[PDB]
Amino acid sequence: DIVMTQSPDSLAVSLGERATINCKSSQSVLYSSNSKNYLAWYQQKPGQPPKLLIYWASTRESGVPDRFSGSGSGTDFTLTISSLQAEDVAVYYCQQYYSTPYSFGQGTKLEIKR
């Protein structure tokens, strides 16, 4: 079964600073008939549900700021926030939707370094 490991666990950064989050799948999530990577990134704020940010590794969802870009192929993926804004403080999850269980990574906490 495909399992995900994110790095780092927690990340405190300055306002407007650049933030990156890695996601490693234990196995490739690239579909060969397809050439799409079955990798999605979720943003989760306190007391609300997980919201899709990006699917297919790099396609941004409608209404998601320009400042969020995904990238990667195979087993290695990255989420970049080009400028961390106060509305960006949340927990981010990578999840493979390649095969059951469609596992979430353990999440990365992003807070404003005070």
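Residue numbers run from 1 along the displayed sequence.
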Discussion item. I need to verify one thing: averaged over C-alpha atoms only, is the B-factor higher for 83-91 or for 55-63?
Written reply: 55-63
Item to complete: Could you check which stretch, 74-82 or 33-41, carries the larger mean CA temperature factor in the entry?
Response: 33-41
Discussion item. When the deposited Cα B-factors of this chain's modelled residues are ordered and cut into thirds, is residue 47 in the lowest, the middle or the highest one?
Written reply: middle
Practice prompt. Compare the C-alpha B factor of residue 22 with those of the other modelled residues in its chain, then answer lowest, middle or highest third.
Written response: lowest
